[PDB]
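A.B. asks: Following this: a sequence and the matching experimental structure.
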Amino acid sequence: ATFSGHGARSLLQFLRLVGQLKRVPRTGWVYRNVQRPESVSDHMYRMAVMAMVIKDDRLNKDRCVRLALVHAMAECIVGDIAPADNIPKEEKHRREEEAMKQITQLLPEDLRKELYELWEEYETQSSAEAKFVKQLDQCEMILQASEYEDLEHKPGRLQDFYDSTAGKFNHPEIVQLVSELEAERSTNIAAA
Amino acid sequence: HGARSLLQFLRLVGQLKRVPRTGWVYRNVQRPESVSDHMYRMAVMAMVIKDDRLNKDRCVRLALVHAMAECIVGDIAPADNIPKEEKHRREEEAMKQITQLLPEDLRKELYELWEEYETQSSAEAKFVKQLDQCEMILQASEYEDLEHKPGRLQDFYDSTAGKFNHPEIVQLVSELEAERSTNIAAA
Ligand SMILES: [Cl-]
Ligand SMILES: [Cl-]
């Protein structure tokens, strides 16, 4: 119940917290000694483009793009928690929830409600759009894994990331895209 | 399928993660942001900076697409001294190459988004151009703060003098310059 107001100063401060996403490297790459790992905002950027180009006539894509730009936003405060950090699901949720409250309080009421709603939709996976964006997250991530493998000239190195997405995919377009990716990568591995 | 081309499109887009923003590099910024970092916050700005006269989702899309050619041509800075037509020519070729990897409806949609920004042919594109400049001077003051070197990136602010007229962005920029100036006066 803070007293920072909802003027330009608070909007600016909201924007600074958001910019901290540029300086949160994605932890999974850090823990695997990737040189120059992407930021969390790098990751959401490509998810957002993927929402634009991976087709599904049943989905509101404007909402999918917004879910993509908002879903990881709490990491500007809580940091990027990876499976290796062993934070229980409930504790990660509680931290990120508190963070989103703090962040959105800087915005006028209608904007606060809208952003928080989007975050809540994603976190509870309550819509088809939310579930779609969750698979973009996982897809975009193994794509980036294979790109770090290519850049390193170390085919297969980041195998653990592929294994962790086993059976997490069921959207027919993303499923198709993943299968193509795994086939191209598993070919490169055999070549080497 | 489809899929191989889509993947190639995605890998090109991914290169944006590895294009440092050139203006920061030229000013010895440590670990400078990528072009995708820059577009990310611009897209968030389109969501939270008010204007009921604008199609915000179109602004968000313009934000995510406007600098996309840079995955091929790189980030050209003013210091690079590339003529406006030449940069336009290069980015246009790049967008054609990029978008042709997509199905026809998406290829046309995406190219037209980029062209609308490029030609500044809508109220939305003009708005997004001011987010770009605003996002950038905010980022300059952030680098100044992180470096503990206030005012060091003044050239960037000087470069934006008189480029703002959108009422909300103007308020935001005034607020930023007053906070920054106060910090500089203090130090
Ligand atoms: Cl994520
Ligand atoms: Cl830009």
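C.D. replies: Cool, got the structure. Numbering: from 1, shown residues only, chains lettered A, B, ... in the order given. Ligands and ions are numbered 1, 2, ... in the order given.

A.B. asks: Okay, helices next: where are they in chain A?
C.D. replies: A:8-19, A:27-31, A:40-53, A:61-70, A:75-78, A:89-104, A:109-123, A:128-152, A:159-163, A:172-191 (DSSP state H).

A.B. asks: residues contacting the closest residue to residue A:48 other than its chain neighbours?
C.D. replies: Leaving aside its chain neighbours, residue A:48 sits nearest to residue A:68 (4.3 Å; criterion: Cβ to Cβ, 6 or more residues apart in numbering or on different chains). (C-beta placed from N, C-alpha, C; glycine too.) By Cβ atoms under 8 Å, 6 or more residues apart in numbering or on different chains, the contact list for residue A:68 reads A:44, A:47-48, A:50-51, A:133, A:136.

A.B. asks: roughly how far apart are residue A:68 and residue A:56?
C.D. replies: According to Cβ to Cβ, to the nearest Å, residue A:68 and residue A:56 sit 14 Å apart.

A.B. asks: Kindly report the same for residue A:164.
C.D. replies: 24 Å.

A.B. asks: Residue A:23 now?
C.D. replies: Computed as Cβ to Cβ, the residue A:23 to residue A:56 distance reads 33 Å.

A.B. asks: now do residue A:150
C.D. replies: Residue A:150 is 29 Å from residue A:56, by Cβ to Cβ.

A.B. asks: Can you pick out the residue with more neighbours from these two?
C.D. replies: residue A:56 (16 against 13; other Cβ atoms under 10 Å in any protein chain shown).

A.B. asks: you'd agree that one is up against residue A:132?
C.D. replies: Yes: taking contacts as Cβ atoms under 8 Å, residue A:56 lies within contact range of residue A:132: 6.7 Å.

A.B. asks: quick one, what contacts residue A:112?
C.D. replies: Neighbour list for residue A:112: A:104-105 [criterion: Cβ under 8 Å, 6+ apart].

A.B. asks: re the thing from before, can I get the contacts of residue A:68 in a markdown table with distance to ligand 1 and neighbour count?
C.D. replies: Shown next, in a markdown table, are those (distance: Cβ to the ion, whole Å; neighbours: other Cβ atoms under 10 Å in any protein chain shown):
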| residue | distance to ligand 1 | neighbour count |
| --- | --- | --- |
| A:44 | 7 | 26 |
| A:47 | 8 | 22 |
| A:48 | 12 | 26 |
| A:50 | 12 | 26 |
| A:51 | 13 | 24 |
| A:133 | 9 | 27 |
| A:136 | 9 | 24 |
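
A.B. asks: is any part of stretch A:11-21 close to chain B?
C.D. replies: Yes: Stretch A:11-21 comes into contact with chain B (Cβ under 8 Å from any Cβ of the partner chain), by way of A:11-12, A:14-16, A:18-19, A:21.

A.B. asks: how far does that stretch sit from the chain's center?
C.D. replies: Remark: stretch A:11-21 is offset 17 Å from the chain centroid, using Cα atoms, centre = their mean, to the nearest Å.

A.B. asks: In that stretch, which residues are buried?
C.D. replies: Buried residues in stretch A:11-21, counted by 16 or more other Cβ atoms under 10 Å in any protein chain shown: A:11-12, A:14-21.
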